[PDB]
Amino acid sequence: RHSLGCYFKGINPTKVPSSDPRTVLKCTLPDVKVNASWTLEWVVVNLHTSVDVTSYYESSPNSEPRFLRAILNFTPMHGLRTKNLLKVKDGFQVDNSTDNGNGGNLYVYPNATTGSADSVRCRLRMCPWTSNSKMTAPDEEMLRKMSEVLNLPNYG
């Protein structure tokens with residue numbers, strides 16, 4: 001797709017009350033109605049790493065941001081990585097269901113260190129699209145509509 005340049009933001013996730021033994025960490029995604037996609041990466045500060053999986057959202061001029069898909073982090077798309085990524089068995093299961101409605105959220109197991117659980121943070125990549133290959137950046141309208149993300153703290 002015709003990328004207009006991606007933005008990298010940091011979001012503090014919140015804990016969602018649930019009867020489930022596992023803790024639900026949700027990453028806030030602003031209601032932006034533009035032709036753009038968002039990629040989430042769950043990062044653990046205390047471990048200095050991230051969970052081996054990316055979560056994708058998609059919106060449009062008419063449609064609201066919704067969970068698109070989730071893909072395991074085989075290879076980085078922005079340079080090199082090759083870091084000790086966290087596995088499901090480590091107590092880190094990202095919801096990859098489109099039926100649950102909570103896709104993208106991270107399930108933290110009691111087997112996982114709770115100190116590191118509290119150090120979990122959401123890395124947001126916003127990649128707006130177009131159809132004009134001559135464009136290398138979004139216009140005023142898009143920037144205003146994406147301002148809910150653009151005015152977030154930077155983290156990349």
# chains A, B, ... in the order shown; residues from 1 in each chain; ligands from 1

$ closest_atom_pairs --of "range 13-97 of chain A" --to "range 120-139 of chain A" --cutoff "8 Å" --atoms "only C-alpha atoms" --output "tab-separated table"
residue	atom	partner	partner_atom	distance
A:13	CA	A:121	CA	6.1
A:27	CA	A:122	CA	6.1
A:34	CA	A:128	CA	7.7
A:35	CA	A:129	CA	5.7
A:36	CA	A:128	CA	3.9
A:37	CA	A:127	CA	5.3
A:38	CA	A:126	CA	4.7
A:39	CA	A:125	CA	5.0
A:40	CA	A:124	CA	5.0
A:41	CA	A:123	CA	4.9
A:42	CA	A:122	CA	5.1
A:43	CA	A:121	CA	5.1
A:44	CA	A:120	CA	4.5
A:45	CA	A:120	CA	6.5

$ atom_distance --atom1 "CA of residue 102 in chain A" --atom2 "CA of residue 59 in chain A"
16.1 Å

$ closest_residue --among "A:14, A:96, A:113, A:49" --to "residue 83 in chain A" --atoms "only C-alpha atoms"
A:49

$ closest_residue --among "A:67, A:1, A:78, A:142" --to "residue 99 in chain A" --atoms "only C-alpha atoms"
A:67

$ residues_around --residues "residue 52 in chain A" --least-positions-apart "3" --cutoff "10 Å" --atoms "only C-alpha atoms" --output "list in words"
residues 41, 42, 43, 49, 71, 72, 73, 74, 75, 83, 84, 85, 86, 87, 88, 92, 93 and 94 of chain A

$ write_last_selection --atoms "C-alpha atoms" --output "mmCIF file, in the first residue's frame"
data_model
loop_
_atom_site.group_PDB
_atom_site.id
_atom_site.type_symbol
_atom_site.label_atom_id
_atom_site.label_comp_id
_atom_site.auth_asym_id
_atom_site.auth_seq_id
_atom_site.Cartn_x
_atom_site.Cartn_y
_atom_site.Cartn_z
ATOM 1 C CA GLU A 41 3.794 -4.224 19.963
ATOM 2 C CA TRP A 42 3.711 -5.192 23.639
ATOM 3 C CA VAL A 43 6.918 -4.177 25.400
ATOM 4 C CA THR A 49 12.065 -6.953 25.461
ATOM 5 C CA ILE A 71 0.929 -12.009 13.082
ATOM 6 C CA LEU A 72 3.910 -13.501 14.909
ATOM 7 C CA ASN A 73 7.022 -11.324 14.844
ATOM 8 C CA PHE A 74 9.179 -13.426 12.524
ATOM 9 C CA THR A 75 11.166 -10.432 11.281
ATOM 10 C CA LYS A 83 16.064 -10.088 20.442
ATOM 11 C CA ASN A 84 14.797 -12.561 23.037
ATOM 12 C CA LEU A 85 11.094 -12.113 22.301
ATOM 13 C CA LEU A 86 8.535 -13.358 24.820
ATOM 14 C CA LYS A 87 6.482 -16.473 24.080
ATOM 15 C CA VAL A 88 2.951 -17.508 25.035
ATOM 16 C CA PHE A 92 2.047 -13.637 27.378
ATOM 17 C CA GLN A 93 -0.909 -14.431 25.122
ATOM 18 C CA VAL A 94 -2.151 -11.696 22.794
#

$ select_by_dssp --residues "range 84-155 of chain A" --states "alpha helix (DSSP H)" --output "PDB file with N, CA and C atoms, in the first residue's frame"
ATOM      1  N   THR A 114       4.684 -10.462  38.115  1.00  0.00           N
ATOM      2  CA  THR A 114       3.699  -9.389  38.173  1.00  0.00           C
ATOM      3  C   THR A 114       4.369  -8.023  38.123  1.00  0.00           C
ATOM      4  N   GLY A 115       5.609  -7.960  38.594  1.00  0.00           N
ATOM      5  CA  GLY A 115       6.411  -6.747  38.483  1.00  0.00           C
ATOM      6  C   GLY A 115       6.660  -6.383  37.025  1.00  0.00           C
ATOM      7  N   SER A 116       6.937  -7.392  36.207  1.00  0.00           N
ATOM      8  CA  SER A 116       7.152  -7.184  34.780  1.00  0.00           C
ATOM      9  C   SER A 116       5.838  -6.914  34.058  1.00  0.00           C
ATOM     10  N   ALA A 117       4.756  -7.487  34.573  1.00  0.00           N
ATOM     11  CA  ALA A 117       3.425  -7.232  34.038  1.00  0.00           C
ATOM     12  C   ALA A 117       3.064  -5.755  34.142  1.00  0.00           C
ATOM     13  N   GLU A 140      -3.522  18.136   5.509  1.00  0.00           N
ATOM     14  CA  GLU A 140      -4.009  18.798   6.713  1.00  0.00           C
ATOM     15  C   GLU A 140      -5.197  18.053   7.309  1.00  0.00           C
ATOM     16  N   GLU A 141      -6.156  17.701   6.458  1.00  0.00           N
ATOM     17  CA  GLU A 141      -7.353  16.998   6.902  1.00  0.00           C
ATOM     18  C   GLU A 141      -6.996  15.735   7.676  1.00  0.00           C
ATOM     19  N   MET A 142      -6.132  14.912   7.090  1.00  0.00           N
ATOM     20  CA  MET A 142      -5.734  13.653   7.707  1.00  0.00           C
ATOM     21  C   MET A 142      -4.987  13.891   9.013  1.00  0.00           C
ATOM     22  N   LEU A 143      -4.099  14.879   9.009  1.00  0.00           N
ATOM     23  CA  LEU A 143      -3.305  15.201  10.189  1.00  0.00           C
ATOM     24  C   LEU A 143      -4.192  15.633  11.349  1.00  0.00           C
ATOM     25  N   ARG A 144      -5.232  16.400  11.039  1.00  0.00           N
ATOM     26  CA  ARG A 144      -6.207  16.811  12.042  1.00  0.00           C
ATOM     27  C   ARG A 144      -6.997  15.619  12.564  1.00  0.00           C
ATOM     28  N   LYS A 145      -7.412  14.745  11.653  1.00  0.00           N
ATOM     29  CA  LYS A 145      -8.194  13.570  12.019  1.00  0.00           C
ATOM     30  C   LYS A 145      -7.346  12.560  12.783  1.00  0.00           C
ATOM     31  N   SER A 147      -4.957  13.523  14.726  1.00  0.00           N
ATOM     32  CA  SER A 147      -4.348  14.324  15.782  1.00  0.00           C
ATOM     33  C   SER A 147      -4.479  13.639  17.137  1.00  0.00           C
ATOM     34  N   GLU A 148      -5.496  12.795  17.272  1.00  0.00           N
ATOM     35  CA  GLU A 148      -5.709  12.044  18.503  1.00  0.00           C
ATOM     36  C   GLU A 148      -4.563  11.075  18.762  1.00  0.00           C
ATOM     37  N   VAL A 149      -3.884  10.669  17.693  1.00  0.00           N
ATOM     38  CA  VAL A 149      -2.705   9.820  17.811  1.00  0.00           C
ATOM     39  C   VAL A 149      -1.426  10.646  17.776  1.00  0.00           C
ATOM     40  N   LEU A 150      -1.408  11.664  16.923  1.00  0.00           N
ATOM     41  CA  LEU A 150      -0.207  12.461  16.706  1.00  0.00           C
ATOM     42  C   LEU A 150       0.170  13.242  17.958  1.00  0.00           C
TER      43      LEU A 150
END

$ select_by_dssp --residues "range 18-77 of chain A" --states "strand (DSSP E)" --output "PyMOL selection string"
chain A and resi 23-26+36-44+49-50+54-58+66-71

$ residues_around --residues "residue 154 in chain A" --least-positions-apart "4" --cutoff "8 Å" --atoms "only C-alpha atoms" --output "list in words"
residues 8, 9 and 10 of chain A

$ closest_residue --among "A:7, A:90, A:51, A:61" --to "residue 153 in chain A" --atoms "only C-alpha atoms"
A:7

$ closest_residue --among "A:118, A:12, A:19, A:156" --to "residue 46 in chain A" --atoms "only C-alpha atoms"
A:118
